[PDB]
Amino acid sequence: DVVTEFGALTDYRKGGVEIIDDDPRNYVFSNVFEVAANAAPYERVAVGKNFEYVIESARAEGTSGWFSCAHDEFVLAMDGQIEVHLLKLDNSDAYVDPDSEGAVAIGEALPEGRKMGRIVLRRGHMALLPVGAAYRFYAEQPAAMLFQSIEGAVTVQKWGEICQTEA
């Protein structure tokens, strides 16, 4: 009987780089569940980078503060259930420099705007985080999530900590 193996914060099994003639550091190899397990709640750790663009891994646990961004972003839930609240900002320029890139943490205080909607994500579900909206998350149990975004004020780099360096 067919079994599709998916990872989870508390059940993953990292692979790695076998070397013939190379440096395993060239592969910048990490596991996003391991990264999310070891970070602070809602901390957005870069797991991929290509010029200014990033994939960030984060653990959702409890309620986050509000975020907003000068461009679109996407979140993909990888494990658990995550609620997303979206709010159309009355004045997004009051919270986000239009010339900025990457998500901005815009505080725990309720920003000024109109309620846009609510999404509940489970494993494998992706939501749009549209420019002009503020967003925040609620996860009752710990959950893993990934962001498609750009490096900015919220992205934590720690490649040496998270990546395979030997073998």
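Residues carry their position along the shown sequence, with the first being 1.
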- [ ] Compare the mean C-alpha B-factor of 111-119 with that of 53-61 as given in the PDB entry, and name the stretch with the higher value.
- [x] 111-119
TODO: Read off the CA B-factors in the entry, average them over 66-74 and over 102-110, and name the higher stretch.
DONE: 102-110
- [ ] Identify, among 134, 126, 37, 45, the residue whose C-alpha carries the highest B-factor in the deposited PDB entry.
- [x] 37
Task: Third of chain Cα B-factors occupied by residue 141 - done: highest
Open item on the list: Can you tell me whether residue 147 has a C-alpha B-factor in the lowest, middle or highest third compared with the other modelled residues of the same chain?
Closed with: lowest
